Every structure is written in structure tokens, then in C-alpha cells.
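Structure, as C-alpha cells:
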Amino acid sequence: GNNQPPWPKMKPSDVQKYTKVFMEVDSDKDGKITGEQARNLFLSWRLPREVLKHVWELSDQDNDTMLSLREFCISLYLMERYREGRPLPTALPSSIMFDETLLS
Ligand SMILES: [Ca+2]
């Protein structure tokens, strides 16, 4: 059901490590990155198109074409976890998104 295996959530240190990268990917300096920006970033990690869309699905909550700062941190989190061998959720855990690190 809504119970899913929990994850060690993003730390301020994780969010910060992602945020620096965000500045590098956000070429429009809008506070969001574009689909192209995001894909190219993830493609540099040699991620599959399947993972690419899946990470997007988990990250882009507000269903907009762009990955926002929070979402981006989520994306990279999922991506790092993916490379660690941990499978990508069918639904991004609420404890990850509603975590204080993404709130602050
Ligand atoms: Ca978004």
C-alpha cells in the first residue's frame, strides 16, 4: 500500500552538494533547470532513458517541464542511490520530499 521501504533521507549536506551542481545546470539562472539541462546532466552519468524518465517522474512533482531546486536534489539523490544499486521507487517517499532539508 502506501507503506514503502524507507530511505535515509537527504541531509543538509546532501542538499548543499546537489545545490552547487544546480547552479551549474541552471543556465537560465531561474531557479529551475530545463528538461534538456537535466537530461544532459544525467546523461553524463550514462543513465538510461528509462531511468531518466523515471527519475524525472519521481522528482518533478509539480508536473512542470522543468526540474526545480528541490526536485533536482531529489534527482541526484535517486541517481546516486541508483548507482549504489538501490532500485528507484515507484513513488518518491513522502519522508524524502517533506523532509526539513527540502523545506529549508
Ligand atoms: Ca518542477
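Letters A, B, ... mark the chains of the C-alpha cells in the order given; residue numbers begin at 1 per chain; ligand numbers begin at 1, in order shown.
Among the residues of region 16-76 of chain A, backbone DSSP assigns strand (DSSP E or B) to residues 32, 33, 67 and 68 of chain A.
For ligand 1, the neighbouring protein, DNA and RNA residues, which are those within 10 Å when only C-alpha atoms and all ligand atoms are counted, are residues 32, 33, 34, 35, 56, 57, 59, 60, 61, 62, 63, 64, 65, 66, 67, 68, 69, 70, 71 and 72 of chain A.
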Practice task
Within chain A, find each residue whose DSSP state, derived from the backbone, is helix (DSSP H, G or I), and express the selection as number ranges by chain.
Solution key: A: 12-25, 35-43, 49-59, 69-84, 94-97, 100-103
Practice task
Rounded to one decimal place, report the CA of residue 104 (chain A)-CA of residue 89 (chain A) distance in Å.
Solution key: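 We find that CA of residue 104 (chain A) and CA of residue 89 (chain A) lie 23.7 Å from each other.
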Problem - Polymer residues at most 12 Å from residue 1 (chain A), only C-alpha atoms, same-chain spacing of 2 or more positions, as a ChimeraX atom specification - result: /A:3-5,90-91
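Nearest to residue 43 (chain A) of all the residues A:88, A:76, A:58, A:103 is A:76, counting only C-alpha atoms.
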Handout entry: Top pick for closest residue to residue 78 (chain A), considering A:22, A:7, A:37, A:44 and counting only C-alpha atoms
Key = A:7
Handout entry: Residue nearest residue 83 (chain A) among A:53, A:13, A:46, A:24 (counting only C-alpha atoms)
Key =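 Looking at the shortest contact to residue 83 (chain A), the residue is A:46.
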Problem - Close residues, residue 102 (chain A) itself excluded, 12 Å, only C-alpha atoms, min 5 positions apart in chain, as a VMD selection string - result: chain A and resid 9 to 16 18 to 19 68 to 74 94 to 97
Selection to disk with N, CA, C and O atoms, as a PDB file, in the first residue's frame:
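What follows is the written file again-v5.pdb:
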```pdb
ATOM      1  N   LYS A   9      17.123   9.755   4.458  1.00  0.00           N
ATOM      2  CA  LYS A   9      16.742  10.875   3.669  1.00  0.00           C
ATOM      3  C   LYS A   9      17.900  11.823   3.410  1.00  0.00           C
ATOM      4  O   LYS A   9      19.009  11.640   3.943  1.00  0.00           O
ATOM      5  N   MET A  10      17.643  12.801   2.612  1.00  0.00           N
ATOM      6  CA  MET A  10      18.629  13.743   2.183  1.00  0.00           C
ATOM      7  C   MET A  10      19.082  14.575   3.386  1.00  0.00           C
ATOM      8  O   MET A  10      18.254  14.989   4.203  1.00  0.00           O
ATOM      9  N   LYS A  11      20.377  14.744   3.550  1.00  0.00           N
ATOM     10  CA  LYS A  11      20.872  15.561   4.637  1.00  0.00           C
ATOM     11  C   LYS A  11      21.113  16.958   4.141  1.00  0.00           C
ATOM     12  O   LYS A  11      21.132  17.144   2.924  1.00  0.00           O
ATOM     13  N   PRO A  12      21.291  17.978   5.019  1.00  0.00           N
ATOM     14  CA  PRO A  12      21.578  19.335   4.552  1.00  0.00           C
ATOM     15  C   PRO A  12      22.812  19.309   3.665  1.00  0.00           C
ATOM     16  O   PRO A  12      22.848  19.924   2.608  1.00  0.00           O
ATOM     17  N   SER A  13      23.776  18.493   4.077  1.00  0.00           N
ATOM     18  CA  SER A  13      24.998  18.283   3.354  1.00  0.00           C
ATOM     19  C   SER A  13      24.712  17.695   1.962  1.00  0.00           C
ATOM     20  O   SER A  13      25.376  18.049   0.996  1.00  0.00           O
ATOM     21  N   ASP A  14      23.688  16.815   1.846  1.00  0.00           N
ATOM     22  CA  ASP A  14      23.350  16.281   0.521  1.00  0.00           C
ATOM     23  C   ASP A  14      22.730  17.352  -0.311  1.00  0.00           C
ATOM     24  O   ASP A  14      23.109  17.547  -1.444  1.00  0.00           O
ATOM     25  N   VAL A  15      21.823  18.098   0.279  1.00  0.00           N
ATOM     26  CA  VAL A  15      21.107  19.137  -0.442  1.00  0.00           C
ATOM     27  C   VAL A  15      22.094  20.199  -0.935  1.00  0.00           C
ATOM     28  O   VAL A  15      22.020  20.651  -2.071  1.00  0.00           O
ATOM     29  N   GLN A  16      23.053  20.538  -0.094  1.00  0.00           N
ATOM     30  CA  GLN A  16      24.075  21.518  -0.435  1.00  0.00           C
ATOM     31  C   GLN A  16      24.979  21.031  -1.556  1.00  0.00           C
ATOM     32  O   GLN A  16      25.338  21.806  -2.465  1.00  0.00           O
ATOM     33  N   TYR A  18      24.122  18.979  -3.812  1.00  0.00           N
ATOM     34  CA  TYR A  18      23.308  18.987  -5.017  1.00  0.00           C
ATOM     35  C   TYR A  18      23.121  20.416  -5.528  1.00  0.00           C
ATOM     36  O   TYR A  18      23.277  20.681  -6.712  1.00  0.00           O
ATOM     37  N   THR A  19      22.827  21.330  -4.611  1.00  0.00           N
ATOM     38  CA  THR A  19      22.568  22.737  -4.925  1.00  0.00           C
ATOM     39  C   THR A  19      23.720  23.400  -5.736  1.00  0.00           C
ATOM     40  O   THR A  19      23.468  24.195  -6.645  1.00  0.00           O
ATOM     41  N   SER A  68      12.912  21.708 -10.650  1.00  0.00           N
ATOM     42  CA  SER A  68      13.110  22.768  -9.738  1.00  0.00           C
ATOM     43  C   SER A  68      14.227  22.364  -8.738  1.00  0.00           C
ATOM     44  O   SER A  68      14.621  21.204  -8.723  1.00  0.00           O
ATOM     45  N   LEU A  69      14.720  23.302  -7.920  1.00  0.00           N
ATOM     46  CA  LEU A  69      15.844  23.038  -6.988  1.00  0.00           C
ATOM     47  C   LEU A  69      15.625  21.794  -6.122  1.00  0.00           C
ATOM     48  O   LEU A  69      16.497  20.920  -6.051  1.00  0.00           O
ATOM     49  N   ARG A  70      14.467  21.724  -5.475  1.00  0.00           N
ATOM     50  CA  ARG A  70      14.104  20.579  -4.630  1.00  0.00           C
ATOM     51  C   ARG A  70      14.155  19.299  -5.424  1.00  0.00           C
ATOM     52  O   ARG A  70      14.853  18.363  -5.059  1.00  0.00           O
ATOM     53  N   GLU A  71      13.455  19.313  -6.537  1.00  0.00           N
ATOM     54  CA  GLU A  71      13.348  18.182  -7.448  1.00  0.00           C
ATOM     55  C   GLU A  71      14.724  17.724  -7.916  1.00  0.00           C
ATOM     56  O   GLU A  71      15.007  16.552  -7.925  1.00  0.00           O
ATOM     57  N   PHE A  72      15.568  18.677  -8.253  1.00  0.00           N
ATOM     58  CA  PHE A  72      16.931  18.424  -8.710  1.00  0.00           C
ATOM     59  C   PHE A  72      17.746  17.681  -7.653  1.00  0.00           C
ATOM     60  O   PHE A  72      18.484  16.733  -7.967  1.00  0.00           O
ATOM     61  N   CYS A  73      17.607  18.109  -6.409  1.00  0.00           N
ATOM     62  CA  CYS A  73      18.294  17.471  -5.304  1.00  0.00           C
ATOM     63  C   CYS A  73      17.799  16.033  -5.170  1.00  0.00           C
ATOM     64  O   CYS A  73      18.570  15.106  -4.916  1.00  0.00           O
ATOM     65  N   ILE A  74      16.515  15.865  -5.403  1.00  0.00           N
ATOM     66  CA  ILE A  74      15.870  14.573  -5.385  1.00  0.00           C
ATOM     67  C   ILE A  74      16.402  13.704  -6.520  1.00  0.00           C
ATOM     68  O   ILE A  74      16.712  12.531  -6.312  1.00  0.00           O
ATOM     69  N   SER A  94       7.427  10.093   0.734  1.00  0.00           N
ATOM     70  CA  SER A  94       6.939  11.320   1.295  1.00  0.00           C
ATOM     71  C   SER A  94       7.923  11.857   2.349  1.00  0.00           C
ATOM     72  O   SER A  94       8.109  13.064   2.477  1.00  0.00           O
ATOM     73  N   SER A  95       8.605  10.940   3.036  1.00  0.00           N
ATOM     74  CA  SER A  95       9.586  11.288   4.054  1.00  0.00           C
ATOM     75  C   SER A  95      10.823  11.957   3.417  1.00  0.00           C
ATOM     76  O   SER A  95      11.589  12.621   4.092  1.00  0.00           O
ATOM     77  N   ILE A  96      10.998  11.786   2.120  1.00  0.00           N
ATOM     78  CA  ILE A  96      12.117  12.392   1.423  1.00  0.00           C
ATOM     79  C   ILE A  96      11.784  13.820   1.044  1.00  0.00           C
ATOM     80  O   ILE A  96      12.544  14.738   1.295  1.00  0.00           O
ATOM     81  N   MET A  97      10.625  13.986   0.476  1.00  0.00           N
ATOM     82  CA  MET A  97      10.194  15.308  -0.002  1.00  0.00           C
ATOM     83  C   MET A  97       9.751  16.237   1.120  1.00  0.00           C
ATOM     84  O   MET A  97      10.038  17.428   1.089  1.00  0.00           O
TER      85      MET A  97
END
```
Practice task
Find the distance between CA of residue 8 (chain A) and CA of residue 87 (chain A) and write it in Å to one decimal.
Solution key: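 So the two atoms, CA of residue 8 (chain A) and CA of residue 87 (chain A), lie 13.9 Å apart.
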